[PDB]
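Below is one structure, written out as structure tokens, with a few remarks after it.
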Amino acid sequence: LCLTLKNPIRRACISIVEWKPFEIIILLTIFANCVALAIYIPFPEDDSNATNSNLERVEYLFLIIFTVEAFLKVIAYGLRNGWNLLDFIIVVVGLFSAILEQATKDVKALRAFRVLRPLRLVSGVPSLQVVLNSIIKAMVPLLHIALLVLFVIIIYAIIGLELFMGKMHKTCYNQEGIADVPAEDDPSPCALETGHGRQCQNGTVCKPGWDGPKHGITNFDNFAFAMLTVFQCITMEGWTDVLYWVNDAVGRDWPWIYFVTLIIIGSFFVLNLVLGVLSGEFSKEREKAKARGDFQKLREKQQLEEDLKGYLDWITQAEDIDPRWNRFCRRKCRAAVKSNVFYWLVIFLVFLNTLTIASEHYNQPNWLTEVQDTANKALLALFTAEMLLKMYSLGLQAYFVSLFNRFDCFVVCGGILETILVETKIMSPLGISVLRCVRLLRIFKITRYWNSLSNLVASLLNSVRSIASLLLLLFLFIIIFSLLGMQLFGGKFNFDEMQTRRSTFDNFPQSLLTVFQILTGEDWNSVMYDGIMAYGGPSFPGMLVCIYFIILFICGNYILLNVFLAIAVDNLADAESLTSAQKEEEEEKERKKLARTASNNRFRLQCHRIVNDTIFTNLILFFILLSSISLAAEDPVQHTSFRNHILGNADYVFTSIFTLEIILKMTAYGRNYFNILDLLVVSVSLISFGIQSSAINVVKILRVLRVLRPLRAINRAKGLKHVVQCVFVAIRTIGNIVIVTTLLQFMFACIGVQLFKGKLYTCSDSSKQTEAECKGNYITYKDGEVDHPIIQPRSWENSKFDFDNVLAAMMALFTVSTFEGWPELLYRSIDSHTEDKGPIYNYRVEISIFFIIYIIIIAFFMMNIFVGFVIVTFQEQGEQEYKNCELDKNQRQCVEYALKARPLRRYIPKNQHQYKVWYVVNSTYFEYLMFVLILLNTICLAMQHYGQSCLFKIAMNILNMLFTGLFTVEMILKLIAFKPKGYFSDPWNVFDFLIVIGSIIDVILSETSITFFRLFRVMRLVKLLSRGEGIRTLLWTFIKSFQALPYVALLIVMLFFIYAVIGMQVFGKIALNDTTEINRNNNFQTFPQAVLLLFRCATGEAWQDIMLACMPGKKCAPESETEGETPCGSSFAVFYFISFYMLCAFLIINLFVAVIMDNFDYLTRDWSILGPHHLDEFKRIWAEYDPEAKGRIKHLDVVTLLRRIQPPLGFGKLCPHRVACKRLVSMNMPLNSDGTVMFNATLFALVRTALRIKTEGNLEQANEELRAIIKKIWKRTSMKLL
Ligand SMILES: CC(C)OC(=O)[C@H](C)N[P@](=O)(OC[C@H]1O[C@@H](n2ccc(=O)[nH]c2=O)[C@](C)(F)[C@@H]1O)Oc1ccccc1
Ligand SMILES: CCCCc1oc2ccccc2c1C(=O)c1cc(I)c(OCCN(CC)CC)c(I)c1
Ligand SMILES: CC(C)CCC[C@@H](C)[C@H]1CC[C@H]2[C@@H]3CC=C4C[C@@H](O)CC[C@]4(C)[C@H]3CC[C@]12C
Ligand SMILES: CC(C)CCC[C@@H](C)[C@H]1CC[C@H]2[C@@H]3CC=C4C[C@@H](O)CC[C@]4(C)[C@H]3CC[C@]12C
Ligand SMILES: CC(C)CCC[C@@H](C)[C@H]1CC[C@H]2[C@@H]3CC=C4C[C@@H](O)CC[C@]4(C)[C@H]3CC[C@]12C
Ligand SMILES: CC(C)CCC[C@@H](C)[C@H]1CC[C@H]2[C@@H]3CC=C4C[C@@H](O)CC[C@]4(C)[C@H]3CC[C@]12C
Ligand SMILES: [Ca+2]
């Protein structure tokens, strides 16, 4: 009993009264310890107050309590538990820190263990323990993804180390010497005159001796810096900063490949991998939950509540019948509610209330607020009257039994209280009158799929327990890391720079806000840089602290994806399935009612023969492609060029051929909605000729309308139209969530308008607190130097995104929900003081919850609901294939593999010396030696550092030559072992051969530059990825899935093309300028640059800033040619940049899930039972027993064949000459000769003996079944007939 020996009971009588009362006092002690840790405020440079001293005093009490508890629990038994060892080490480290603090007086750094005490609160309650274990157990399948991410990070770090090796160290120094790097405020790297980078064409010169872009933290100077930069880029946070810095230090044409490929491979592909693996795991758990019958409990309770709703009023209807005026009164009112007019009346009143609420804005007219107040009072009175009419008619038990009627009742009861409270001047309105807009969802009742939304809410209310437990786990994780961050960076974020940091760890609320901002992944690298500079800096011991921001980013973004996706998936796997269970009851029941009550020289010779043929079908597809290419190659920045002349003239013939084709189209038919489209587009193209001098506004909507050229090829490309149709179907399916999310967004926007109506204004200098004061000039000091003053004008400006009215609030909340620039908006809204005034530092921190709750509800919950709904909808679309035969989706594939299998060829040659080298090469020790040598070579490669010694470089070159020569030696022997005619018949052998000859030419060039071939040396490391079976199979299956669905990605390609063109035609002129989001690096001036900008926006880097930088009121380039001051730049940027972000993202969700879809077979596999992986090794073990594919085996070979098969496929460690061989020989094998039994026959016999066995005499049943529902067999199983 985990005790064995028992010491005398005289002092071990402790397990008697330690069950009920000793299990809770310790939990309260832990809670008090957490509160005390939260109260502690870290001061910079040993400062303190009274509260810190009191807390340090009570820490002694907590330590003695925990030590007494540990001693009592240890005298009970001599710690082996996982969660008790943690308590023991916590208490021992606490004692050590306490004695060190008492004796020596880093001591303080040692007490960072205190943050582990809240974690012990998990162990107290098993309800959180089980959910924590469920969260943890999902980490095992993602270890392969983690290893892949590590390998790609290492490879890209080495490649970037080779490419960008200390190049980011030259900048422009305006002063005659190196004093204060006089290059604006944030200097950028530059290149010398002989270089291809950026040269400052000013009075300044490019001179080396520069620390680096981000204080020397972001650069590929050595392996650690390069790896950190690659990770920070792969997290898709500030990768464009690194890209632009490299584009300034080196040329702009080469290094985009590195970052674009890194983003595509290490971010999008990895996210797809994670989503697929997690979806498979959740589907497996959902299928496992059927045995427990969780869905049965929800189903019975669903059909029971509707019984009570229709029965309580039924007996209430009996009360209304006279066997008093009261019953007559109740009868009239009861039928008044169920009149189909009262419902529309209350809907109209709700819409009127929404109209009244949504009409509030900054400095609204007085009559508007008077009508707002009187209409609000009238509508509140009418809604109270509606409440009274409904409650009296149905009754209290018949009213509160409805879930919705519990919502509007609370809404009215709280709204009247808030109304009176605001009326009596207690506080500004909170906004609780806005949630009356939820009742506007009652319109869905008339439409179909109202019950589908009700099923989701019912499932959520059923699973509220698990939802609360998961949210508690997330909150505890956030609290623990906030305490750790407060301990590590408490008061260390105070540098000399004029702008004090807002995202610090000074207080507990500030630490919570910073940790939440890091978890959302927005500007987390800035916090990491501040934390690095908080310590010594870019040195060896001052950089390790960066790992704190890595685990928090890795262990946090993971937890969310197992908290808000699972909740989204399971509660959507119930409701949909729930809606699948009732939707037959509403069909059979009526069927019960129905079953009772009812009882011209235009022919295919010279004008149409070569029209409908595929040749003409795909000949015009090439011409549509060429027309699109010509459209994409225009020059927007200049209106009159010879380049625009040829393409502006090449379309004249292009439209001439297309117009000719339309003549061939009017004769064939007298017309669906496709052959008009092109015609209509063609009908627009002729206007291009009829312009003359009227190019004022007609062409401004004529040239932009040319982007419809690519999208008319969907009709002529079968498969693309199918994908578009599937996309439209998915849109119509997801509308049910889209409308609800939009309504919730509108509600939050109204609340935000009520909160920050005009409060976000600020003046240029913080001294002036009103617009009247904010006038004239003021004096600002450059870089916080009292001796460097500059006059600057005083400006009274609003926020970039404000809450002045409902539309501005919706824009701001959208930019917040995209996680772009939300910390700045949060910290600007924190300072909002009064309706028309300026900001006060940290006036209301508590308003931050508004920006947090929203992010929890819209950003994290609604989006995950969206993704899970897409996943479940696609799964049910792929699952409804009504093929319910005997073989249940597994034996079908097993029999297919058994039929489509063949032994592998031997290729074991004679000429024993060649056979001797073949035996040497194939040995596993040789493969281990190669893996060791590859690791050594990549270690040598990952050792070069900036500022290295010349002898170091010579030694590295010598080692490179030695390793390369050894690899050529290995390649030659291999070649002689496998012969040139068979050595190259392997995907990996050709890969190795190209690298070796690619690593030789540059070796020759070393003694004679170009660095393209050097990178080949790194690529050999990818061979190490082909060693683990699971990761290799996962990668290969995902790659095949991507190969099988090209048109889904073609949709994203087409969307990128169209938008780009649109951006080139509209925003393609705006002048390039620094200190602006439109510069040499980010612009619409060329098609590749527009594509790069759109990729940047799809990644979501600073798109909310490019939108503002594309606003009207900009000058544009002198290349394009009175009134041209700044009349150049449109207001389309609101619809252009928002819609794109909502479209592209959706398309990506379409590409991910689909790729996941057709790959469920691997994702939900249950490797324990038989599967294609198990049957794969049969060929590998019979390859050496069959000279070729053939199909002829040895009768005696079965002796070792039966032994070599694994227990999952064959038999365990039992004796071979036993019932296994008896059953193998006793069954009905084909009636061939002694050893002329063919491979697939034996394979089918083995797979039949493994599972799915039947009585003798049913072989012909399998024979007819393998041709009825199983795919074609081509009469190839003649030798397998018996
Ligand atoms: C890659 C994105 C920006 O390009 C898109 O356009 C997609 C269309 N938008 P999306 O919102 O991507 C953001 C989510 O990435 C999660 N993330 C990432 C790495 C990780 O290790 N763990 C993890 O949870 C996350 C941090 F939670 C975010 O919520 O799409 C999704 C929406 C819901 C669920 C999954 C993806
Ligand atoms: C089908 C054509 C329009 C697509 C679309 O319409 C919506 C209306 C309301 C809410 C969402 C959408 C929507 C999206 O497809 C969509 C939008 C966003 I924002 C979104 O989240 C991505 C931004 N952010 C996550 C919070 C990433 C950091 C996702 I996933 C899907
Ligand atoms: C059912 C709901 C969504 C309907 C709400 C629509 C009406 C009431 C809203 C939508 C957009 C709003 C406008 C948005 C912007 C401005 C500009 C501002 O200088 C005066 C107010 C004004 C003109 C708002 C008045 C109210 C408005 C017209
Ligand atoms: C996230 C939690 C669970 C674990 C992460 C470990 C972090 C917090 C720990 C592990 C190793 C630690 C570092 C180890 C060594 C040094 C050098 C010293 O001169 C200052 C502290 C510093 C820089 C530590 C900072 C905190 C640190 C980075
Ligand atoms: C599959 C689709 C997206 C491929 C589209 C390829 C076409 C549109 C691209 C590929 C290469 C591109 C060219 C590459 C380089 C330049 C030089 C630059 O000074 C003007 C644009 C110009 C001339 C580009 C025009 C557009 C272009 C021709
Ligand atoms: C990724 C695997 C396979 C190879 C890389 C692991 C080892 C060899 C790497 C990891 C960290 C690396 C070190 C990181 C930092 C420096 C400081 C620099 O001034 C000289 C090189 C030196 C000392 C690197 C040498 C190589 C190194 C020790
Ligand atoms: Ca960002």
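Derivation of every value follows stated rules applied to the coordinates shown; laboratory data play no part. Don't worry about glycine lacking a Cβ; one is built from the backbone with ideal geometry, like all the others, and counts go over all protein chains shown.
Table for the structure above
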| item | result |
| --- | --- |
| Selection status of residue 874, within 18 Å of residue 560 (Cα to Cα) and either within 16 Å of ligand 2 (Cβ to nearest atom) or assigned to a strand (DSSP E or B) (or both) | no |
| Residues that are more than 16 Å from ligand 1 (Cβ to nearest atom), crowded, with 20+ Cβ neighbours inside 10 Å and in a helix (DSSP H, G or I), drawn from region 824-855 | 825, 826, 829, 830, 851 |
| Check on residue 1169, assigned to a loop (DSSP other than H, G, I, E, B) and among the β-branched types (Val, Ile, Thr) | yes |
| Any chance residue 528 is in contact with a helix residue (DSSP H, G or I) (Cβ under 7 Å, 6 or more places away or on another chain), of a type in the set (A, V, I, L, M) and assigned to a loop (DSSP other than H, G, I, E, B) | no |
| Lone unmet requirement of (1) under 23 Å from residue 1011 (Cα atoms); (2) assigned to a helix (DSSP H, G or I); (3) among the small types (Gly, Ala, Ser) for residue 267 | (1) |
| Residue satisfying all of: in region 959-991; of a type in the set (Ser, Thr, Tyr), out of contact with any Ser or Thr (no Cβ under 7 Å at 6 or more places or on another chain) and in a helix (DSSP H, G or I); farthest from residue 909 (Cα to Cα) among these | 968 |
| Of all residues making up region 1086-1125, the number that are closer than 25 Å to residue 1148 by Cα, among the acidic types (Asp, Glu) and more than 21 Å from the chain's Cα centre (by Cα) | 1 |
| Test result for residue 135, assigned to a helix (DSSP H, G or I) and under 33 Å from the mean Cα position of the chain (by Cα) | yes |
| Residue in region 235-247 that is surrounded by fewer than 22 Cβ atoms within 10 Å (Cβ to Cβ) and farther than 27 Å from residue 1073 by Cβ present | yes |
| Region 240-258: number of residues that are under 12 Å from residue 163 (Cα atoms) and within 22 Å of the chain's Cα centre (by Cα) | 1 |
| Flag if residue 267 is surrounded by fewer than 22 Cβ atoms within 10 Å (Cβ to Cβ), farther than 24 Å from residue 551 by Cα and in contact with a helix residue (DSSP H, G or I) (Cβ under 7 Å, 6 or more places away or on another chain) | no |
| Region 546-577, residues that are within 16 Å of ligand 6 (Cβ to nearest atom) and touching a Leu at 6+ places or on another chain (Cβ under 7 Å) | 546 |
| Close pairs from region 488-499: first under 16 Å from residue 546 (Cα atoms), partner small (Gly, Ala, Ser) and surrounded by 11 or more Cβ atoms within 10 Å (Cβ to Cβ), Cβ under 6 Å, at least 6 apart | 489/531; 489/534; 492/534; 493/534 |
| Pair list, Cβ under 6 Å, 6 or more apart: region 356-373 residue away from ligand 5 (no atom under 16 Å from the Cβ), other residue of a type in the set (A, V, I, L, M) | 356/375; 357/434; 358/806 |
| Residues of region 1025-1052 satisfying the condition of being of a type in the set (A, V, I, L, M, F, W, C) and loosely packed, with under 15 Cβ neighbours inside 10 Å | 1036, 1039, 1044 |
| For residue 1096: the one exception among (1) more than 16 Å from ligand 2 (Cβ to nearest atom); (2) in a helix (DSSP H, G or I); (3) charged (D, E, K, R) | (1) |
| Extreme residue, nearest to residue 561 (Cα to Cα), among residues of region 481-506 that are surrounded by fewer than 18 Cβ atoms within 10 Å (Cβ to Cβ) and of a type outside the set (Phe, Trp, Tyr) | 501 |
| Criterion violated by residue 731 - all others in (1) surrounded by 14 or more Cβ atoms within 10 Å (Cβ to Cβ); (2) touching a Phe, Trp or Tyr at 6+ places or on another chain (Cβ under 9 Å); (3) over 30 Å from residue 644 (Cβ atoms); (4) not hydroxyl-bearing (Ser, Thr, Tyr) satisfied | (1) |
| Unique match (being of a type outside the set (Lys, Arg) and buried (at least 16 other Cβ atoms within 10 Å of the Cβ)) among 95, 143, 163, 147 | 163 |
| Among the residues listed as 514, 520, 617, the single one being over 34 Å from the mean Cα position of the chain (by Cα) and surrounded by 11 or more Cβ atoms within 10 Å (Cβ to Cβ) | 617 |
| Failed item, numbered, when residue 226 is tested on (1) within 25 Å of residue 1020 (Cα to Cα); (2) part of a loop (DSSP other than H, G, I, E, B); (3) in contact with a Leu (Cβ under 9 Å, 6 or more places away or on another chain); (4) not acidic (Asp, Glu) | (2) |
| Test: residue 974 is farther than 30 Å from residue 169 by Cα and surrounded by 15 or more Cβ atoms within 10 Å (Cβ to Cβ) | yes |
| Meets criteria (within 16 Å of ligand 2 (Cβ to nearest atom) and either of a type outside the set (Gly, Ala, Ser) or at negative phi (or both)) for residue 281 | no |
| The lone exception for residue 449 - which of (1) closer than 21 Å to residue 343 by Cβ; (2) among the hydroxyl-bearing types (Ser, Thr, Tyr); (3) in contact with a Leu (Cβ under 9 Å, 6 or more places away or on another chain) it fails | (3) |
| Hits in region 420-437 (condition: more than 13 Å from residue 357 (Cβ to Cβ) and assigned to a helix (DSSP H, G or I)) | 420, 421, 422, 423 |
| All positions within region 813-823 that are within 16 Å of ligand 3 (Cβ to nearest atom) and surrounded by 20 or more Cβ atoms within 10 Å (Cβ to Cβ) | 813 |
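Here is a yes/no grid of residues against (1) surrounded by 15 or more Cβ atoms within 10 Å (Cβ to Cβ); (2) farther than 23 Å from residue 523 by Cα; (3) within 16 Å of ligand 5 (Cβ to nearest atom):
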position: 1076; (1), (2), (3): yes, no, no
position: 1104; (1), (2), (3): yes, no, no
position: 1123; (1), (2), (3): no, yes, no
position: 1128; (1), (2), (3): yes, yes, no
position: 1137; (1), (2), (3): yes, no, no
